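Have a look at the structure below, then the notes.
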There are 2 protein chains.
Amino acid sequence: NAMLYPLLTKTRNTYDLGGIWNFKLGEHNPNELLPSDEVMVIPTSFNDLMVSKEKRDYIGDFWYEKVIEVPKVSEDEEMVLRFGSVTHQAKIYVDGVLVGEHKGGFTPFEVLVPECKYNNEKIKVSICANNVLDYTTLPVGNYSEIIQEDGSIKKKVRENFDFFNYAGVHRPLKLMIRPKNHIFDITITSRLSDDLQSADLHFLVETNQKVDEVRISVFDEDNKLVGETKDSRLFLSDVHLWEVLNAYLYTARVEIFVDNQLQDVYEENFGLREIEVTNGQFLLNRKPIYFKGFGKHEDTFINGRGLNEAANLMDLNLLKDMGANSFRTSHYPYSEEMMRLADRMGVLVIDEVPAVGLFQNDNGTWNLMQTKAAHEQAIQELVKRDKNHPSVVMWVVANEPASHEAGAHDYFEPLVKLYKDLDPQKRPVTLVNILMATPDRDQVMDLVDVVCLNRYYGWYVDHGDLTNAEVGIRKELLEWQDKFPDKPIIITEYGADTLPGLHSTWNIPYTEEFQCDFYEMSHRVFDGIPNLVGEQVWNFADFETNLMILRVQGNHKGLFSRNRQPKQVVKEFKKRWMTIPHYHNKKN
Amino acid sequence: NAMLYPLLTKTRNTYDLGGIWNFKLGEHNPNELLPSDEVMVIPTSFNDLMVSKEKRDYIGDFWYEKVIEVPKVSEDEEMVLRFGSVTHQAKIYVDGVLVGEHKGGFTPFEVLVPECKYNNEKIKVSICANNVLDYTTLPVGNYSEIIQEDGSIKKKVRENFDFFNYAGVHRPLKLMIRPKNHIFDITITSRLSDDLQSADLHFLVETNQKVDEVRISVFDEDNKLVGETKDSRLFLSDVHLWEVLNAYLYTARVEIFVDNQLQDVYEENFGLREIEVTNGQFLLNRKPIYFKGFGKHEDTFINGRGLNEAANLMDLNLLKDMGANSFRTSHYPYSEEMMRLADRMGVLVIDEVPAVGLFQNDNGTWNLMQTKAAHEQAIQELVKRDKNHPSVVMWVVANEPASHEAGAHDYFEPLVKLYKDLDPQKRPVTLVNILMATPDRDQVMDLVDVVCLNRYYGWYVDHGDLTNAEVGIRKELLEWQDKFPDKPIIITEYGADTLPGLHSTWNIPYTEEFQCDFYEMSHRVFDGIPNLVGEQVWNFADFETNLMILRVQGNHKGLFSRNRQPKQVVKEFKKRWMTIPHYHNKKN
Ligand SMILES: [Mg+2]
Ligand SMILES: [Mg+2]
């Protein structure tokens with residue numbers, strides 16, 4: 001139900017509830033008042049703000065609590081709490097009463113404040129967050145309980161993924177006063193003309209109640225009126241297209257009317273562009289694109305997975321300065337803020353649900369992977385939240401699932417359909433593939449539009465041995481190309497752990513020089529694979545992980561450090577990506 | 001035949017041949033003259049002096065060559081070339097003629113220069129070194145050949161050990177002019193009195209030819225004469241014992257005589273001390289010792305495995321400043337220079353042969369481990385070279401062999417006997433044990449006097465999880481103690497990779513703080529195991545290895561960096577080891 005970015009309009013009062021909240025790890029009676037012994041900030045991951053390991057590794061319930069003043073709410077209005085997200089599960093209390101609930105740590109939801117409380121001076125909001133991951137959650141966790149002889153129970157999650165399980169309220173929480181009868185959803189659809197110069201627009205507006213009139217006023221980047229309709233249909237002559245690294249955004253002001261008066265007004269941006277996949281190519285505006293960019297993480301010192309709009313912008317500025325043009329939201333939906341920024345900057349985005357960890361670890365006879373419900377929900381929420389973004393060019397169903405094992409096809413078949421059935425634009429959906437699932441073994445890739453591969457020849461296979469890595473990477477890309485002559489291929493991950501300061505004359509893995517050598521070898525291969533249409537390094541920047549022997553205080557495959565300072569290899573990518581055009585047809 | 005340290009005496013002219021030699025990787029006709037295009041230094045590993053990887057990774061023949069002036073050699077003398085060692089195999093040429101040969105990269109050998117060449121002005125010395133490791137060599141290598149389509153053959157060695165395969169002439173080469181009839185060997189034996197105040201000495205002098213008289217003059221540390229014998233027997237009243245960190249060395253001047261005149265004179269040092277193992281204790285001078293120190297490597301920037309006497313001393317100074325008292329020559333005999341220094345400083349030494357890598361990697365039906373010959377030779381050479389060192393308190397037969405697999409017992413049974421049969425002092429022999437070979441599985445430890453364990457709970461098992469590591473380490477030491485109530489236990493390796501500069505509040509492996517935490521947990525366990533009589537960290541200093549994913553530009557488990565700068569944890573060891581006395585009886 002929370003699919004619309006919270007805006008301030010003359011009919012919608014939006015209040016930011018961020019700041020300091022009373023805070024507690026562990027159990028709490030929401031009928032009672034949390035002390036100010038512990039506090040926590042909203043938004044931010046809580047983990048790094050803890051000074052001890054035991055606290056940073058806490059798993060279970062933890063609470064945020066604040067007494068909040070009730071604004072003026074008129075008879076025809078209602079009041080909702082709107083969360084960008086709570087990680088991973090959340091129960092929301094008003095005055096000690098359970099009033100809403102959510103599962104999924106990376107998508108927004110709203111919670112209605114009971115009408116009977118609108119004439120009160122104050123309300124106490126209590127948020128019971130929970131950071132347990134399961135075989136029933138996304139991402140997938142290995143959950144276990146050990147009794148302490150205390151004998152309290154210690155909960156722990158052995159992540160089935162390579163990123164630290166940051167938890168907390170990572171995204172802005174809003175107190176939202178809006179009309180009872182309001183605009184629930186807006187879907188924007190366009191059919192571009194033969195020559196790509198005009199657009200037949202369809203604005204599909206959802207309401208809960210009867211409306212007399214629905215006026216839509218479209219404005220261009222100069223805020224000049226260029227179209228108006230009362231029937232949901234608009235024809236725009238001589239449009240400006242949304243082009244890679246050269247964005248053009250229209251904004252659709254939607255006003256609804258009952259009995260000759262404004263009931264609700266919302267402003268939704270859209271961009272005009274066409275996506276197609278054919279002949280081993282990714283077409284944007286009917287021209288062949290070459291992806292260059294990064295797998296990313298929402299990760300930063302101090303804030304962990306919490307939203308930092310300034311990091312979004314610093315990254316995006318660097319991306320574009322490098323000559324890059326895209327990135328993937330690995331391994332979970334990013335914040336709305338980041339999406340709106342990619343739109344504004346013309347950056348291509350591969351948008352993914354948190355389906356990472358779908359891989360067991362004899363044996364497995366019993367049904368342990370109960371992920372289907374969460375998966376279906378994740379897909380619905382992402383498409384409903386993100387479908388209007390011109391920057392979203394493709395969906396990902398999973399990252400590195402066990403796609404070579406029996407039962408894989410039948411799990412993904414309906415989920416891929418779901419993206420198609422839900423996306424008005426029917427964008428391509430992909431599946432990101434692990435090295436184990438080789439062309440012969442894999443049994444899922446027939447279902448998808450674009451082949452995405454994470455490959456580390458010269459790092460995990462043939463470690464530090466480029467001569468043989470080259471033969472391996474080339475061999476496999478040729479098998480993929482052959483098995484699917486039709487589909488485009490995108491390297492969604494490739495890189496090499498690199499610690500700033502480590503140096504060698506002898507191409508030594510972990511040194512800055514080896515990072516350069518690794519990418520040279522990789523690009524020499526890619527450039528000779530006709531159906532390979534894009535390359536996205538892992539990772540943009542170094543990032544936090546859990547304790548595992550092959551992680552040297554986090555992942556270090558970043559071109560930048562966690563503090564966003566460049567490694568040696570950045571100069572090299574800048575020379576390469578400024579030489580390859582965005583609209584680059586190889587083939588030729 | 002090269003068991004005596006090369007000394008200058010009035011009968012023995014010893015010339016250092018070190019410096020610049022013509023040098024070539026690859027094939028060479030020793031009848032022809034190597035150009036001065038390439039040069040190399042003696043002594044040093046060649047690898048790090050190569051600017052390209054292909055050269056640094058070279059495997060096969062490589063040559064050193066120099067024209068050398070012939071000194072005056074009288075009719076009763078002979079001239080030999082004496083090598084501290086050549087790594088790994090060596091063939092020696094004089095004037096293009098093969099004149100001697102050696103296998104084993106860490107022990108000394110001599111090569112007679114043909115008498116017919118003594119009246120020549122010059123001789124050309126050619127050294128064909130070879131750095132191939134095999135299933136027939138020690139250390140054990142995984143050897144393979146791939147044809148290049150050049151089509152030359154690329155030789156490569158996949159080390160079966162965790163240290164970089166440095167090769168070259170690592171130790172001083174001497175041109176040695178000595179009497180035809182000379183002192184070949186001196187073995188020093190002592191029986192100390194009941195109260196440890198006197199010593200019955202037996203000096204066993206080997207000659208090749210008849211001698212009329214053998215006079216032995218013993219001098220104390222003040223060069224004062226305290227004993228003299230002509231019958232090989234000497235009784236010394238009121239001796240000064242060689243004590244841990246408080247060394248006392250006598251020196252035995254051995255003179256031989258034919259027909260009333262000096263034929264040869266040699267000076268051999270010895271120290272007086274008694275070693276015994278009983279009741280789960282290691283007795284030195286009949287008092288229980290507690291080992292504190294390091295596994296080491298002969299490793300240093302630039303020089304690789306080449307001899308650097310100043311590094312020996314800087315390490316030893318640090319060792320003793322820390323309150324430590326021992327170290328192991330892992331994983332190969334150190335230079336004579338280091339041994340003589342340990343004697344002079346009172347440091348205990350566990351002396352080992354290069355028997356590392358005795359572990360396969362289905363299957364194995366065929367006899368692939370042909371290591372027995374090399375093993376027997378290594379043992380003979382080490383005992384013959386090192387038996388007189390008071391600092392050598394124990395022998396190691398192997399490091400981390402597959403001692404849990406069938407056939408292990410029968411391989412080691414005769415090799416352990418060999419140490420006993422060869423060592424006049426019958427010192428303890430041990431075997432250093434890998435984690436796979438657990439008390440139940442292991443089948444070799446009954447053969448040995450002292451239990452040595454390399455254990456990494458909290459690093460390889462239970463990575464970064466101290467709570468569980470503690471239970472594991474304790475559990476296993478209790479099983480060992482139980483299975484062998486008789487034998488002392490020594491932790492010969494324990495530590496944690498640590499990169500200088502990496503820091504965290506949250507006990508994160510690879511950070512300096514975690515290194516400290518890891519050792520605290522380990523010592524808390526050790527202190528409660530009555531039969532554990534010693535602790536030797538891995539490693540003294542960071543060191544070079546080959547390319548393998550869990551090696552971040554070498555091994556970083558060192559308390560010091562490769563440049564010998566301290567990590568955080570050094571302060572901690574200094575507090576602990578200065579509090580534990582050398583003669584420390586736990587039990588109690
Ligand atoms: Mg199953
Ligand atoms: Mg066999």
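Chain letters run A, B, ... following the sequence lines, proteins first, then strands; residues in each count from 1. Both backbone and side-chain heavy atoms feed into the values below; hydrogens, waters and symmetry mates do not.
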For a quick test of reading the model, state the closest non-hydrogen atom pair linking B:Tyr460 to A:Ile549 and the distance between them. CD2-CD1, 3.4 Å

Under 4.5 Å to a heavy atom of chain B? For A:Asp48 that would be both

With a cut-off of 6.0 Å (strictly less than), are more than 12 heavy atoms of other residues, nucleotides or ligands near CG of A:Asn361? no

For A:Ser52, is it the side chain, the backbone, both or neither that has a heavy atom under 4.5 Å from a heavy atom of chain B? backbone

Can you measure from CE (A:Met50) to OG1 (B:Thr505) and round to the nearest 0.5 angstrom? 12.5 Å

Looking at every non-hydrogen atom in both residues, tell me the closest pair between B:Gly464 and A:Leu547 and how far apart they are. O-CD1, 3.7 Å

Reported CZ-to-CG distance for the pair B:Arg56 and A:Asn507, which is rounded to 0.5 angstrom: 10.5 Å

What part of A:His503 is in contact with chain B, defined as an atom under 4.5 angstrom from a non-hydrogen atom: side chain, backbone, both or neither? backbone

All heavy atoms of B:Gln553 vs all of A:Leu502, minimum pair found to be NE2-CG, 3.3 Å

Looking at B:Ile146, I want to see if its CD1 is surrounded by more than 12 non-hydrogen atoms of other residues, nucleotides or ligands under 6.0 Å. yes

Once rounded to the nearest 0.5 Å, what's the spacing between atom NZ of A:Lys53 and atom CG of B:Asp517? 9.0 Å

Heavy atoms only, distances under 4.5 angstrom: which of B:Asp497, B:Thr511, B:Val51, B:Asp465 has the most pairs with chain A? Name it, please. B:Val51

Spatial distance of atom NE2 (B:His463) from atom CG (A:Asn546) [nearest 0.5 Å]: 10.5 Å

So which of A:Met548, A:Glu54, A:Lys55 has the biggest tally of heavy-atom pairs under 4.5 Å with chain B? A:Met548

Over 12 foreign heavy atoms within 6.0 Å of CD1, A:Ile302: no

Around atom CD1 of A:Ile147, are there more than 12 heavy atoms of other residues, nucleotides or ligands at under 6.0 Å? no

Restricting to non-hydrogen atoms, name the atom on A:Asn468 and the atom on B:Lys156 that form the minimum distance, rounded to 0.1 Å. ND2-NZ, 4.0 Å

Looking at B:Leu550, B:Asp57, B:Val552, B:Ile508, which one has more heavy-atom pairs under 4.5 Å with chain A than the rest? B:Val552

